[PDB]
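Residue-level structural notes
Here is how the chains run, residue by residue.
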Amino acid sequence: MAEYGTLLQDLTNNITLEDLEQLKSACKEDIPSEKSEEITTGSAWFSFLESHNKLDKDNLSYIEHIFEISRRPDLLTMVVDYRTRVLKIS
């Protein structure tokens, strides 16, 4: 899903360095440790969760949670929209 990857990239285009580390760690749970060191941006850990068939609603809710505790209503709105968009994409 190149479109959805781009949408997730747009999220990670508006985060802090700590947020990136949190998103990496959240996805690291499923992403192989060898690839966990290759996570530098949004499309990175996306392609890893996609390739390894690990991407799921739970991981997406972890992304939302991180943005919630980071106090970013803007990102939260984006995530929700993208969670419905990916359903239109699939």
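Residues numbered from 1 in each chain as written, not as in the entry; some residues may be left out. Heavy atoms only, no water.

Take the packing of aromatic side chains next. Aromatic ring pairs: the centre-centre distance and the angle between the two ring planes describe each pair. One pass over the full model with this rule turns up 1 aromatic pair. An angle of 75° between the planes, with centres 6.1 Å apart, marks the rings of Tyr4 and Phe46 as edge-to-face. Taken together, the residues span a long stretch of sequence, with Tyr4 in helix α1 (residues 2-12) and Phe46 in helix α4 (residues 42-51) at a distance of 42 residues. For the pair formed by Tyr4 and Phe46, the shared burial category is buried. (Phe/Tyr/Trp six-rings, centres within 6.5 Å; stacked < 30°, edge-to-face > 60°. Helix = DSSP H or I, 4+ residues; strand = E, 2+ residues; numbered from the N terminus. Buried < 20%, exposed > 50% of the residue type's maximum accessible area, 1.4 Å probe, protein only.)

Take the nonpolar core next. Among the nonpolar cores identified, the biggest contains 24 residues, and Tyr4, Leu11, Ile31, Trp45, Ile63 and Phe67 are the most heavily contacted of them. Once you skip the residues sitting within four places of it in the chain, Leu11 turns out to touch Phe67, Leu75, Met78, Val79 and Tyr82. (Core = buried A, V, L, I, M, F, W, Y, C linked by side-chain atoms within 4.5 Å. Contact = heavy atoms within 4.5 Å.)

Attention now moves to the UniProt feature "domain: DED" in the protein chain. Here the UniProt-annotated "domain: DED" positions come out as residues 3-81. A distance of 13 Å separates the end C-alpha atoms of residues 3-81, which is 73% helix and 0% strand. (UniProt positions renumbered as here; feature names shortened; annotations may be inferred.)

Packing of helix α2 (residues 17-28) against helix α5 (residues 57-69) leaves a shortest axis separation of 10 Å and a crossing angle of 155°. In terms of their interaxial angle, α2 and α5 are classed as roughly antiparallel. Where α2 crosses over α5, the handedness of that crossing is right-handed. Here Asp19, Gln22, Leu23 and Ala26 of α2 come into contact with α5, specifically with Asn59, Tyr62, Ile63, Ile66 and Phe67. Residue classes in the contact of α2 with α5 are distributed as 6 nonpolar, 2 polar and 1 charged. (Axes fitted to C-alpha atoms, helices over the stretch in contact; angles between N-to-C directions. Parallel < 35°, antiparallel > 145°, perpendicular 65-115°, else oblique. Left-handed = near helix turned anticlockwise from the far one by under 90°. Nonpolar A, V, L, I, M, F, W, Y, C, P; charged D, E, K, R; others polar.)

The backbone phi angle of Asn53 is positive, close to 55°, even though this residue is not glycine. Tracing the sequence through the fold places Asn53 in the loop between α4 and α5. For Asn53, a relative accessible area of 68% translates into the label exposed. Located in the positive-phi region is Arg71, a residue other than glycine, with phi close to 60°. Structurally, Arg71 can be placed in the loop between α5 and α6 (73-89).

The end-to-end C-alpha separation of α2 is 16 Å, in line with the 16 Å expected for 12 residues at 1.5 Å each. Every buried residue of α2 is accounted for by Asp19, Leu20, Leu23, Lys24, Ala26 and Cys27. All buried residues of α2 fall inside an arc of 165° around its axis, so they share one side. Packing partners of the buried residues in α2 comprise α1, α3 (33-36), α4 and α5. (Expected span 1.5 Å × (residues − 1). Arc of directions from axis to C-beta.)

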